[PDB]
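In this analysis, Cβ positions are derived from the backbone assuming ideal geometry, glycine residues included, and neighbour counts consider all displayed protein chains. Each value in this text was obtained by applying a stated rule to the coordinates, not by laboratory testing.
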Amino acid sequence: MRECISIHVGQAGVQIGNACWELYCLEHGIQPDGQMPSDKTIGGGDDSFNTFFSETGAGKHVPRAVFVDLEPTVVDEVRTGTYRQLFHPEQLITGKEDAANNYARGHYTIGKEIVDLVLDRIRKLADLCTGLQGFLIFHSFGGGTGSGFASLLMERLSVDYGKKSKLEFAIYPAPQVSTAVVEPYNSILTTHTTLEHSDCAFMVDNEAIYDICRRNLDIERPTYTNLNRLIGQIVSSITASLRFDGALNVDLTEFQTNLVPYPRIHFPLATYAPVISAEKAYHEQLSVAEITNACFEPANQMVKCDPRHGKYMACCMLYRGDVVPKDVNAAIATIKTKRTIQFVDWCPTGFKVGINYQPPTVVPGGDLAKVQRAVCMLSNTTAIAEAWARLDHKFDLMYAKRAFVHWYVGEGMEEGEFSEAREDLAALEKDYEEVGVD
Amino acid sequence: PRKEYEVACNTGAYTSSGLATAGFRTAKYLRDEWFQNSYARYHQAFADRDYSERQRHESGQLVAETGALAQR
Amino acid sequence: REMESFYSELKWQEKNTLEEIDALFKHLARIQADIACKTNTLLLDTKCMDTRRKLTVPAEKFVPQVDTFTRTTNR
Amino acid sequence: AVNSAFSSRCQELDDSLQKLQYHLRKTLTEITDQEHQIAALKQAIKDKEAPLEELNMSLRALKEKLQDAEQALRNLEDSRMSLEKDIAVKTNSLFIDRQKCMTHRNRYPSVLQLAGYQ
Amino acid sequence: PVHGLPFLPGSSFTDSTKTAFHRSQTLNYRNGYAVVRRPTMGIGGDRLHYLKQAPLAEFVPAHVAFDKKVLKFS
Amino acid sequence: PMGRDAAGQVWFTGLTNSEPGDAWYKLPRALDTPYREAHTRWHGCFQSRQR
Amino acid sequence: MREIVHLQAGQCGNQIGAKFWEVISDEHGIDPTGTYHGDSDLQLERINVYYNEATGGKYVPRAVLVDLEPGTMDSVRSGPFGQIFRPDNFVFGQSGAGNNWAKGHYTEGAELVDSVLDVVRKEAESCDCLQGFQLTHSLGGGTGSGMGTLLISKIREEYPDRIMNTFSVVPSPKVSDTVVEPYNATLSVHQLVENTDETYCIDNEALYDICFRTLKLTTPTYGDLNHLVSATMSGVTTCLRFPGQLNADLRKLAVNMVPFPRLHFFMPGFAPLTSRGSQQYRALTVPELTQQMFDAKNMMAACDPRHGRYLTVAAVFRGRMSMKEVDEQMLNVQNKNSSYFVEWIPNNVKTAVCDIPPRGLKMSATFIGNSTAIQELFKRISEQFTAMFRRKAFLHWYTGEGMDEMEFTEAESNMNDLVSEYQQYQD
Ligand SMILES: Nc1nc2c(ncn2[C@@H]2O[C@H](COP(=O)(O)OP(=O)(O)OP(=O)(O)O)[C@@H](O)[C@H]2O)c(=O)[nH]1
Ligand SMILES: Nc1nc2c(ncn2[C@@H]2O[C@H](COP(=O)(O)OP(=O)(O)OP(=O)(O)O)[C@@H](O)[C@H]2O)c(=O)[nH]1
């Protein structure tokens, strides 16, 4: 019925899945063994899990996902973790070599001999699939191995399936932090590949995750654990409509139809308000007005950009927990008559409202508080142009000095694709400033 | 010790677990002592396991020490 | 039955080797250890066989009487 | 309200069993490891025997360590046997309540026929 | 000396009483095949460490199972 | 025992491991019958009254 | 799976391999006999990255060892670990060399290259999927250079996809005992610059300076020197065999590391070296870890990066750390001297982190860098060559060998290209 399929590529895409299921087991209460208790749900596989798991006759819930990596280390690690029985062994596909962060290396040298297996697995899931709304894809623009494989297999599956949406959740490059010098290269390669075939691509950056972590969570030694925990909670929030019931419902189809204005520009942002520490929530108050004020607070976003320097296109806000439309509409009207937020003269409204009764849940041993009213914020803005405006004037320099290019040319590519990515990016910006202009 | 706390817990016009002075006590239990029984099981297991692993550590150290001493 | 027979023959062989007294001492070592393990086995077996009567014997009479030698220590 | 309370009770007991087996697995693995090292200890004392004062004192200390290691092992299996017996009891009780009660409760009547076709 | 403490690159043991310094020869040629010895003496000279059938039936056919068997009655 | 020793065991509470009835093919009364007269005679009179 | 086959050359290599193998052995936890000892498992599962299995739980090295001097082999054989090696592989020569470069590269190797090649290719077939080779040898030493240039020239063509790491020892800038050592250096480097992909270059003087500054311990052993370098090898190879993210392929590093084909040489560095008593006078915290880590005295390979500027750096860390402290430390130092870097490229740091430390110390790190500081060494040697070749004394031996000066001519301008190109980019 209302089910989707998950894919992870590159070694950046594996911790995040690991955490996503470490959570996703809990809201239906499935032990690492994989069995609902004797409470009467087991059978052919119909109940709210159905969107996530296919628990067949043996009573074992089955993730509808694929984890493909190119180095056996982490895949065998998780195969030796607790959840090895939970996962399907060959749904964890392992390669033997690294992409060297060389996009073309990963896209032509090795990409030809695993795509067959992965697409065959996709078919043998899509057969049993019923609703097949689409896919949730995890890669990384700083793809250590994710980039080229993602581009190639995404092109193949895009041409093979032309009747559904595609969601991409990418960790965007850290603007002033780099663990890789080939990062600008493979980042822009992936961009000018994907922008024409991603249906909804969302960005997130990790420096700002840390910044939030030591602003309001009050913790000074966080890690991947907390990072991925909150990110997984975000994706849980955006799938809660499919997960549970409520007053009224929303769906990714509506997200597409109303959020993205036009063709091409489909690069929105996400935001979460009630990330608060235990003591801080203990003797303070939370409600709709303040959570909305804190969400539109500019620094609480997870991309280093200034909406005050930007101009707004669209906004979809999802409330999870218990609320009333009275306060909903009152507060959103207050924000509508707020002053700093420069909405374009185009859109008189910009607000897609969704509600669900079931509150978000905790992870055992985690860090977030015991919240009753959560909210997720998706937004089309013109403020993101700064990231590309920064990237281009680094890449032009490092390419006019054309260091490291020997790698790529000796493995087969040449400067033409780089040159083309240049003007693809240029067209991106050029569209953005003019749509921002009244 | 336990005497004072049982007196404190069971004194009012509400219910009463017959936690007698001595001799066999009543088979029926209460939620608090039930949870306590669980926690006691868990801590007993922890203690035993940690003791064993400690022993194995100093055993290994002693084996190495004596072997090298003899090899001298 | 079969464990007991094995035990008895083992003891006899050990004894003969004893009155006979390098490899000989080595074989003494193996036989000694084997006797130890066999004794452990037979004692555990008798312990287990004790508790069977619970399903048959009249209630007032049942009392185990093999190994109420409480061995656990730490507590 | 009876229904709700009953459900909560059952869920909590299920969680208890979860925790129990989680413990049992690594308990057994530790037991095995202890036995391995003790066998290595017998072999090592024979190795120490090979080169035949200080030696005598060392040998006596080693044999004392033999004793306390064996003691630890025995306490281990006592804990184990306790754990299995309690496992059996808990599972049987969960079967009892998860079968009889709600299956007979489905027979509960309906409001209109309690009103007597009002 | 903890007889196997963490052998950090920083510190290690050191000895002084050794006098006899000779190197054992375990490698030589001797013939067409080059020949390598098992080394025995170390620096200065010191000790190193080296069926389902039917037993009672066999399926005799019935004929023989009842051949020449008569009960006699008066 | 209350003390250094303890056996957590389960004793039978005898009513079903029994042959209570009466008949000639049972009157030989092998002395291994757990036939404590209290509850049996109490039964006798109690069925007598309940009848 | 992914595996490595180790090559050992020259009289340096004799003890280098000894120390290095015993380090990795007692790291994974193997007895001197060769039987496994299970305390940590991940090491056991990943031991196949280097070792080859022998029946009865014994784990033979995948080493191939060669020299021409037999006494070094005999000493290695007699050492407290040499028994772990296998007599199958001790290919050797039938005389000495006098570590003349021309002899070492042309006459003697002719009859031994076949045997060494056959052994190594048997090993290569046996293993599954090779990342590449690592060689421990000398560039200033004679016979190691003579054999090594031959073998490295031989192997590249068959295996032109593979990581041909070369790890050597550089002559002293002050005194080297060996006198034709210059000519060894020039002839070795002439092939090595074209042929290798990565080369680590380290020198003894700074080791002695390290002994005085931080070891403080008066009388060292060359064994302890080899320990101080075996730490660097252990570090640089940690990441392959252990879990916890860090994309660890040395090629994953190299593409990130080197900008141009003629830039292969790098300058190592180690992490906490604690003095006699500072162990409890130091707060073992990541800030001061990095403080000592990137220093003018912690460095020990060739010379101070002060004289020039850096192109690229790579730091590996081993221990229960987090992103933040290392990331913001890098930002702090980036601000501290945003000048001595190259505006050529921003964010010229590579960072890698693995969670399972070595034993003895909880936190650890290893440094490697590519900075504009090789000109010192290569200038020095270039003027030495011009001075010596001015009247070409002692070149009679090479004339007899058949060496003639046109090879000197071809090499010297290659080093001229090196110097000019290094200076050209950064200035
Ligand atoms: N979400 C997530 N991000 C990570 C993780 N590890 C690293 N990252 C960040 O995401 C990026 C990882 O991409 P890559 O390093 O190319 O990994 P890969 O393409 O899967 O393959 P490799 O070349 O082997 O690294 C890095 O820039 C990391 O900073 C992780 O475990 N989870
Ligand atoms: N193994 C080892 N090498 C040392 C030691 N001390 C210095 N070295 C250096 O290691 C260098 C390399 O030796 P090899 O690689 O075997 O070189 P070679 O071809 O035999 O030529 P030569 O060094 O001239 O004998 C020597 O030149 C020394 O400078 C030491 O104590 N042990």
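For the range A:288-302, how many residues meet the condition of being within 18 Å of the chain's Cα centre (by Cα) and assigned to a loop (DSSP other than H, G, I, E, B)?
Result for the range A:288-302: 2.
Exactly one condition in (1) polar (S, T, N, Q); (2) more than 21 Å from residue G:119 (Cα to Cα); (3) within 16 Å of ligand 2 (Cβ to nearest atom) is false for residue G:11; which is it?
(2)
Residues checked against (1) of a type in the set (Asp, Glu); (2) under 15 Å from residue A:12 (Cβ atoms); (3) not in a loop (DSSP other than H, G, I, E, B):
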| residue | (1), (2), (3) |
| --- | --- |
| A:58 | no, no, no |
| A:66 | no, no, yes |
| A:74 | no, yes, yes |
| A:86 | no, no, no |
| A:100 | no, no, no |
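Determine, yes or no, whether residue G:181 is within 11 Å of ligand 2 (Cβ to nearest atom) and either touching a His at 6+ places or on another chain (Cβ under 7 Å) or more than 30 Å from residue A:96 (Cα to Cα) (or both).
Yes, satisfied.
Restricting attention to the range G:170-184, which residues are crowded, with 21+ Cβ neighbours inside 10 Å and either within 12 Å of residue G:380 (Cα to Cα) or within 16 Å of ligand 1 (Cβ to nearest atom) (or both)?
G:171
So residue A:427 fits all but one of (1) among the hydrophobic types (A, V, I, L, M, F, W, C); (2) closer than 30 Å to residue A:321 by Cβ; (3) not in a strand (DSSP E or B); what number is the exception?
(2)
With a cut-off of at least 2 residues that are in contact with a strand residue (DSSP E or B) (Cβ under 6 Å, 6 or more places away or on another chain), name the helices (runs of 4 or more DSSP H) lying wholly within chain D.
Helices (runs of 4 or more DSSP H) meeting the threshold: none at all.
Listed here are the residues, each with its yes/no results for (1) more than 16 Å from ligand 1 (Cβ to nearest atom); (2) under 20 Å from the mean Cα position of the chain (by Cα); (3) not small (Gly, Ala, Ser).
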position	(1), (2), (3)
G:4	yes, yes, yes
G:8	yes, yes, yes
G:11	yes, yes, yes
G:14	yes, yes, yes
G:17	yes, yes, no
G:22	yes, yes, yes
G:33	yes, no, yes
G:37	yes, no, yes
G:40	yes, no, no
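Anything in the range D:69-89 that is surrounded by 14 or more Cβ atoms within 10 Å (Cβ to Cβ) and either under 21 Å from residue B:58 (Cα atoms) or more than 10 Å from every other protein chain (Cβ to nearest Cβ) (or both)? List them, or say none.
Within the range D:69-89, D:69, D:71, D:72, D:73, D:75, D:76, D:87 meet the criteria.
Within the range G:69-94, restricting attention to residues that are of a type in the set (A, V, I, L, M) and within 15 Å of residue E:26 (Cα to Cα), which residue is farthest from ligand 2 (Cβ to nearest atom)?
G:91
Quick check on residue F:16: is it hydroxyl-bearing (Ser, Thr, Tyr), more than 8 Å from every other protein chain (Cβ to nearest Cβ), surrounded by fewer than 10 Cβ atoms within 10 Å (Cβ to Cβ) and in a loop (DSSP other than H, G, I, E, B)?
Taking the combined requirement at face value, the residue satisfies it.
Only residues that are within 29 Å of residue F:15 (Cβ to Cβ), touching a helix residue (DSSP H, G or I) at 6+ places or on another chain (Cβ under 7 Å) and within 11 Å of chain F (Cβ to nearest Cβ): list them for the range C:39-75, please.
Within the range C:39-75, C:62, C:64 meet the criteria.
Output the number of residues of the range B:27-65 satisfying the condition of being more than 7 Å from chain D (Cβ to nearest Cβ) and more than 22 Å from the chain's Cα centre (by Cα).
Summing the residues that are more than 7 Å from chain D (Cβ to nearest Cβ) and more than 22 Å from the chain's Cα centre (by Cα) in the range B:27-65 gives 6.
Is one or more of the residues making up the range A:105-120 closer than 30 Å to residue G:332 by Cα and either within 16 Å of ligand 1 (Cβ to nearest atom) or more than 14 Å from every other protein chain (Cβ to nearest Cβ) (or both)?
For the range A:105-120, residues closer than 30 Å to residue G:332 by Cα and either within 16 Å of ligand 1 (Cβ to nearest atom) or more than 14 Å from every other protein chain (Cβ to nearest Cβ) (or both): absent.
Can you name the number of the only condition in (1) buried (at least 21 other Cβ atoms within 10 Å of the Cβ); (2) out of contact with any helix residue (DSSP H, G or I) (no Cβ under 8 Å at 6 or more places or on another chain); (3) over 30 Å from residue G:332 (Cβ atoms) that residue A:85 fails?
Condition not satisfied by residue A:85: (1).
So residue A:94 clears everything in (1) out of contact with any helix residue (DSSP H, G or I) (no Cβ under 6 Å at 6 or more places or on another chain); (2) under 17 Å from residue G:247 (Cβ atoms); (3) surrounded by fewer than 20 Cβ atoms within 10 Å (Cβ to Cβ) except one condition, right? Which one?
(1)
Do we find a residue being touching a helix residue (DSSP H, G or I) at 6+ places or on another chain (Cβ under 8 Å), small (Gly, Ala, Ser) and on the phi < 0 side of the Ramachandran plot anywhere in the range A:270-282?
So far as the range A:270-282 goes, yes, one or more of its residues are touching a helix residue (DSSP H, G or I) at 6+ places or on another chain (Cβ under 8 Å), small (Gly, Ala, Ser) and on the phi < 0 side of the Ramachandran plot.
Quick check on residue A:46: is it assigned to a loop (DSSP other than H, G, I, E, B), of a type outside the set (A, V, I, L, M), surrounded by 19 or more Cβ atoms within 10 Å (Cβ to Cβ) and away from ligand 2 (no atom under 16 Å from the Cβ)?
The answer is no for residue A:46.
Six or more apart or on different chains, Cβ under 7 Å: which pairs go from a residue in the range G:1-29 that's under 28 Å from residue G:356 (Cα atoms) to one that's within 16 Å of ligand 1 (Cβ to nearest atom) and part of a loop (DSSP other than H, G, I, E, B)? Could you list them?
Pairs found: G:1/A:96; G:2/A:96.
Looking at the range G:303-315, can you tell me whether even one residue there is under 17 Å from the mean Cα position of the chain (by Cα), among the small types (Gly, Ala, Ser), within 16 Å of ligand 2 (Cβ to nearest atom) and crowded, with 19+ Cβ neighbours inside 10 Å?
No, there is no match, as no residue in the range G:303-315 is under 17 Å from the mean Cα position of the chain (by Cα), among the small types (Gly, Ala, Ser), within 16 Å of ligand 2 (Cβ to nearest atom) and crowded, with 19+ Cβ neighbours inside 10 Å.
Looking at the range A:169-210, which of its residues are outside any helix (DSSP H, G or I), within 14 Å of ligand 1 (Cβ to nearest atom) and touching a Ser or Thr at 6+ places or on another chain (Cβ under 8 Å)?
Passing the criteria: A:170, A:171, A:173, A:179, A:181.
Results for (1) surrounded by 19 or more Cβ atoms within 10 Å (Cβ to Cβ); (2) under 19 Å from the mean Cα position of the chain (by Cα), shown as yes or no for each residue.
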| site | (1), (2) |
| --- | --- |
| G:349 | yes, no |
| G:357 | no, no |
| G:362 | no, no |
| G:365 | yes, yes |
| G:368 | yes, yes |
| G:379 | no, no |
| G:384 | no, no |
| G:390 | no, no |
| G:395 | no, no |
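Results for (1) on the phi < 0 side of the Ramachandran plot; (2) over 24 Å from the mean Cα position of the chain (by Cα); (3) more than 14 Å from chain E (Cβ to nearest Cβ); (4) within 16 Å of ligand 1 (Cβ to nearest atom), shown as yes or no for each residue.
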residue	(1), (2), (3), (4)
G:43	yes, no, yes, no
G:57	no, yes, yes, no
G:60	yes, no, yes, no
G:65	yes, no, no, no
G:73	yes, no, no, no
G:77	yes, no, no, no
G:83	yes, yes, no, no
G:90	yes, no, no, no
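Of these, A:212, A:188, A:238, which one is under 29 Å from residue G:355 (Cβ atoms) and among the β-branched types (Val, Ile, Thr)?
A:212
Could you tell me whether residue G:326 is within 13 Å of another protein chain (Cβ to nearest Cβ) and either farther than 16 Å from residue G:165 by Cα or not in a strand (DSSP E or B) (or both)?
The answer is yes for residue G:326.
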